[PDB]
Amino acid sequence: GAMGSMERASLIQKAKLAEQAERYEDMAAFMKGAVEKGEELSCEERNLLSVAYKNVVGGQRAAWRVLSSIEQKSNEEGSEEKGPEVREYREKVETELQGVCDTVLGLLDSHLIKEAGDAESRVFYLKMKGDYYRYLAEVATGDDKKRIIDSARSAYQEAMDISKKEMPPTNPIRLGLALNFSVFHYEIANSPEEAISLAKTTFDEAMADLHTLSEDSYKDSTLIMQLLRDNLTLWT
Amino acid sequence: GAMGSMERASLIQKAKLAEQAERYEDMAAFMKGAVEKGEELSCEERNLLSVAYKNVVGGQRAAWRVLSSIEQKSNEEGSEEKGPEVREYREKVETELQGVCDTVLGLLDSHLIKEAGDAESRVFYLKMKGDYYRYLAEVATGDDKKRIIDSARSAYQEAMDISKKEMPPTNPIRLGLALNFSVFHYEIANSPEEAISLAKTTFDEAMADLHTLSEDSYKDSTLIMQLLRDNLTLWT
Amino acid sequence: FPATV
Amino acid sequence: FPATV
Ligand SMILES: *CCC(=O)Nc1cccc(-c2csc(C(=N)N)c2)c1
Ligand SMILES: *CCC(=O)Nc1cccc(-c2csc(C(=N)N)c2)c1
Ligand SMILES: [Mg+2]
Ligand SMILES: [Mg+2]
Ligand SMILES: [Mg+2]
Ligand SMILES: [Mg+2]
Ligand SMILES: [Mg+2]
Ligand SMILES: [Mg+2]
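Protein chains in written order, with the working numbering: chain A, 380 to 615; chain B, 380 to 615; chain C, 204 to 208; chain D, 204 to 208.
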């Protein structure tokens, strides 16, 4: 690891600077170095890790979709042959995306998840595991597409079980987990009815628990509840 | 060169796909590979090259400025010591920026400029040479800061001399060259009066030649003239 | 695309 | 910053 010689605290400080500079690849490399120091992550540190990789993979996903759309158009009737270049470059981006997903899943498996005992950390990492299997699922087409989908489902399910037992319905981690699992159902598992049911039930149970919250907690929860509502509006 | 095995035409096709996917680092690598095939570049190809590296270095510059501002704030009176991390990371970004500038200047010197005989190509590449020396100047502080500034000035000057002899005052390359040389005067050479004079004279001479243009050429020239006016408004 | 966090 | 192209 190229970050092996830098102090954990310096890696975290630089992750924060990289975020401020919108240098998300750097931010991710710094956080990977911090994880590899072997200590558990604080809540702030977990969010630095997720913010970094979400931005990196998010750009890769956006590029993959652009290229995939061009590729599909070139494979319609009446399209002029352009050669292998569109497929090759789509494959290049896809391979880089899969590499990032494998890196994140590797950190979670060595050894973030197994050391996470508190609900807030364990649910956070299992949600991440679901998310990065979902990104692999978005590009998968071969003999392991079903296994990738089930790996995503399994991670999300375990996170949901813990979150329902150990967190209030308004907890932002629990809310974001449900939002994303609902999208998994809609976009990956071809289960739009499960997607809609989950989003609705999550929204309504959070609504009923908002009265217990401070003004700052209320803002955090209602922000994610609005995303649930936005998706429901898109889907109904 | 990792692009040595790919066809020139495939590199150009992939540069165009990378642009569409907003993958500017890839776009730049593809164009570098195309330049290194050794053939001259068409006008479209020259613009693919400049678009790619402008986006890459533009992001580096934006990050450098964020980090430089944080660094300067940490060096004020009453600021708590944070250690070497801010300087180190600013230096990391700076070194990557200088590397990109050196790569572009290397392509221009081996051998784009020496083979460029038409005004449109020679002015384009000399403007690029000025631009990338200007980006080096923005971060320079040592014994060669003055030499970097003069290298920028010299390139811009030769481009200006050719453009004035060989191109109409409304030519978009001539206009963008003048826009950027004017910024060089204002921001790099501490010559705001020269910056303002150049921008004004360029704008007025283009204004007087717009009558000779088609509707499409008129739109291209007036777009850059508005940037000259925007700068004049900022500076007066 | 739908919203995720 | 001022405009460049
Ligand atoms: C779980 C507790 C928690 O969220 N605590 C915490 C403390 C300080 C900063 C953060 C945070 C969330 S996102 C973020 C960032 N993008 N830098 C930092 C969280
Ligand atoms: C100098 C002649 C010229 O501009 N010709 C030309 C032909 C086709 C496409 C371009 C062009 C300009 S910017 C661009 C891009 N960002 N892909 C392509 C120019
Ligand atoms: Mg130690
Ligand atoms: Mg593949
Ligand atoms: Mg249920
Ligand atoms: Mg050949
Ligand atoms: Mg330096
Ligand atoms: Mg003059």
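Using N, Cα and C, we set each Cβ at its ideal position, and we do this for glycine too.
Beta-carbon proximity check, residue i vs residue j, cutoff 8 Å
i                 : j                 : result
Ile-541 (chain B) : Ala-568 (chain B) : no
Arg-440 (chain B) : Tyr-514 (chain B) : yes
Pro-548 (chain B) : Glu-584 (chain B) : yes
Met-382 (chain A) : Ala-400 (chain A) : no
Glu-415 (chain B) : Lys-393 (chain A) : no
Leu-556 (chain A) : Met-604 (chain A) : no
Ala-574 (chain B) : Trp-614 (chain B) : yes
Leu-487 (chain B) : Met-507 (chain B) : yes
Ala-531 (chain A) : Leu-505 (chain A) : no
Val-479 (chain A) : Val-436 (chain A) : yes
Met-406 (chain B) : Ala-413 (chain B) : no
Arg-425 (chain A) : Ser-500 (chain A) : yes
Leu-611 (chain B) : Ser-600 (chain B) : no
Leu-577 (chain B) : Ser-593 (chain B) : no
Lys-524 (chain A) : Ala-534 (chain A) : no
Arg-387 (chain A) : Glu-418 (chain A) : yes
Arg-466 (chain B) : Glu-450 (chain B) : yes
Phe-563 (chain A) : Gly-509 (chain A) : yes
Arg-469 (chain A) : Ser-447 (chain A) : yes
Cβ separation of residue i and residue j, assumed to be a contact under 8 Å, to the nearest whole Å
i                 : j                 : result
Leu-428 (chain B) : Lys-395 (chain B) : Not confirmed; about 12 Å, so no contact.
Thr-207 (chain C) : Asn-559 (chain A) : 5 Å
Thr-591 (chain A) : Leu-607 (chain A) : About 19 Å; that fails the 8 Å criterion.
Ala-498 (chain A) : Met-546 (chain A) : 6 Å
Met-410 (chain B) : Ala-442 (chain B) : In fact, because the Cβ distance is near 22 Å, the residues do not count as touching under 8 Å.
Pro-205 (chain C) : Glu-566 (chain A) : 7 Å
Any non-hydrogen atom of ligand 4 within 7 Å of residue i CB
i                 : result
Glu-473 (chain A) : yes
Cβ-heavy atom distance, residue i to ligand 7, below 7 Å
i                 : result
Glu-470 (chain B) : yes
Closer than 6 Å to ligand 1: residues, by C-beta to nearest heavy atom, in chain order: A:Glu-398, A:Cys-422, A:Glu-423, A:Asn-426, A:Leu-427, A:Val-430 and A:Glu-499
4 or more residues per run - each alpha helix (DSSP H) lying fully within the region 428-489 of chain B: List check, alpha helix (DSSP H) in window: 464-486.
Ligand 5 site residues, beta-carbon cut 7 Å against heavy atoms: A:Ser-576, A:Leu-577 and A:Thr-580
Short-range partners of chain E found in the region 565-592 of chain A, where Cβ spacing is below 8 Å: Among the protein chains of the structure shown, namely A, B, C and D, there is no chain E.
Minimum length 3: unbroken beta strand (DSSP E) runs contained in the region 557-613 of chain B: none
Residue ranges of each alpha helix (DSSP H) within the region 483-538 of chain B, 4 or longer: 498-518
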